[PDB]
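Read the structure below first, then the notes.
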Amino acid sequence: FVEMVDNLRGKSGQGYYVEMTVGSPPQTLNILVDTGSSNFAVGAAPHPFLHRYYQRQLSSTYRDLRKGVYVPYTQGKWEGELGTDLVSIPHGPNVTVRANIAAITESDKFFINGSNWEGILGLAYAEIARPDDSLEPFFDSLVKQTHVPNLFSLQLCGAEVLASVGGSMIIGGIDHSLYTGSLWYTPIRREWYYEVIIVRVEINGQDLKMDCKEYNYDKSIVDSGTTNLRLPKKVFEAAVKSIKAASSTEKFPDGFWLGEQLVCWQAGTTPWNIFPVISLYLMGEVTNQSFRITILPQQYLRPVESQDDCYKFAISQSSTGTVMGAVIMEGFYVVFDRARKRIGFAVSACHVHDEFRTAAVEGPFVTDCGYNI
Ligand SMILES: NC1=N[C@@]2(c3cccc(-c4cncnc4)c3)CCOC[C@H]2O1
């Protein structure tokens, strides 16, 4: 898997992208790696924030599906025209796929200024594809058309201009050089999003003591296309209360806790130790078991932007369930084992750790929590 190592790049807070080619001759595009959606969609017309876009008429292998697609999100939306074309990942498997492509012709608040990506690779399941589940997602096509095993893994690494980030998307396998210690698996509850179950949450060793249905109200997902850890209202408020208490030695503005305002310290003086660790316990493959992933402030305080180190609080409130976003995934090696309907976590080769604490994956812990039906 050596050629796939460090095949991801991005700007802090703006997603991780992989280089892809579309069409014949190949058109090079940077594509957001998104485990939270299921469409492959690319800019296909000029936009103020696009360096370049997919030009269908320049591809000898383009086929029009003669069907429109409209995709609204909570914030932002796009519309496009469906077709198929040949797609490759130059620093991926040595294969070429005929994939569905939504050619984006109009959009609002979708593309991001400076993100350096021109489209989105939805790696989740057909159930949440638009216009409906008959539009085969990219990974499904990849597996069907080639002999690539039905599994991929993500090693997202943490970090004027926004800090550059890097990582690896290993398609078709597990690269043992990218993690240390044991890989722990949590079941994929249903194949739509990458839905999982959280059974317990601790802040600095202290149980939040909530009925575990609260942690998965109305779902919990693993989402590389969301920056933050997003928590349901009740869980969010309890989490913030606890983090405040642990770091009470210092006082921060309200807008900070709201994930809006920055907090800055003299370069290199960031008081990491006043911020507590967060442990999320994920359901194990065995019914009464769980394992925990422990995240550090170095993950949930996200760097932004001279001689000041500034951060945003990368935990925020959700009304659509828990989202384990990029700041959670960072420093873990995360295996999306579609074949065995499970997601693996291990401590990443690029995990964060200071003198006293480290990101960890530990189990088992032994003791219903699923919410949506
Ligand atoms: N997962 C996900 N993908 C979505 C999305 C769309 C556009 C940009 C980004 C993004 C921005 N900034 C950092 N990362 C990603 C994420 C679309 C599907 O659901 C809503 C969003 O959440």
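One is the number of the first residue; the rest follow in order along the sequence. Note that ligands are numbered from 1 as they come in the structure, with each ligand's atoms numbered from 1 the same way.
Heavy-atom contacts of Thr227 reach the following atoms of ligand 1: 13 (C) (cutoff under 4.0 Å). Which parts of ligand 1 touch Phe110 is read off a 4.0 Å heavy-atom cut-off, strictly below it: atoms 6 (C), 7 (C). Of all atoms in ligand 1, listed by their number and element, those nearer than 4.0 Å to a heavy atom of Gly36 are 1 (N). Residue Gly15 approaches ligand 1 through these ligand atoms, each under 4.0 Å from one of its heavy atoms: 13 (C), 14 (N).
For the pair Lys77 and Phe110, the cation-pi test (distance below 6.0 Å, angle within 45°) is failed. Both the sub-6.0 Å distance and the 45° axial angle are not jointly satisfied by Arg302 relative to the ring of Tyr311.
Between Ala326 and ligand 1 there is no heavy-atom distance shorter than 4.0 Å.
Atom 19 (O) of ligand 1 has its closest protein heavy atom at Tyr73 CD2, 3.9 Å. Ranking protein heavy atoms by distance to atom 12 (N) of ligand 1, first place goes to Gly13 O, 3.5 Å. From the protein, the heavy atom lying nearest to atom 16 (C) of ligand 1 is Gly225 O, 3.3 Å. Protein heavy atom nearest atom 4 (C) of ligand 1, with residue, atom name and distance: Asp34 OD2, 3.8 Å.
Heavy-atom neighbours of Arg63 CZ from other residues, nucleotides or ligands within 6.0 Å: at or below the threshold of 12.
Residue-to-ligand polar distances keep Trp117 apart from ligand 1: every N/O pair is separated by 3.5 Å or more. At least one N/O-N/O distance between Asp223 and ligand 1 falls below 3.5 Å.
Separation of the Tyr333 and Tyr179 ring centroids falls under the 6.0 Å cut-off. Aromatic rings from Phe291 and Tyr281 are positioned such that their centres are separated by 6.0 Å or more.
Taking the six-membered ring for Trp and thresholds of 30 and 60 degrees, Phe252 and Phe275 have nearly parallel ring planes, at less than 30 degrees apart.
Under the side-chain hydrogen bond (donor to acceptor under 3.5 Å, both in side chains) test applied with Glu195, the options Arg190, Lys219, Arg189 reduce to a single match, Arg189.
The part of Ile112 lying near ligand 1 is the side chain, judged by heavy-atom distances below 4.0 Å.
Between the side chain of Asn39 and the main chain of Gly122, no donor-acceptor pair closer than 3.5 Å is present.
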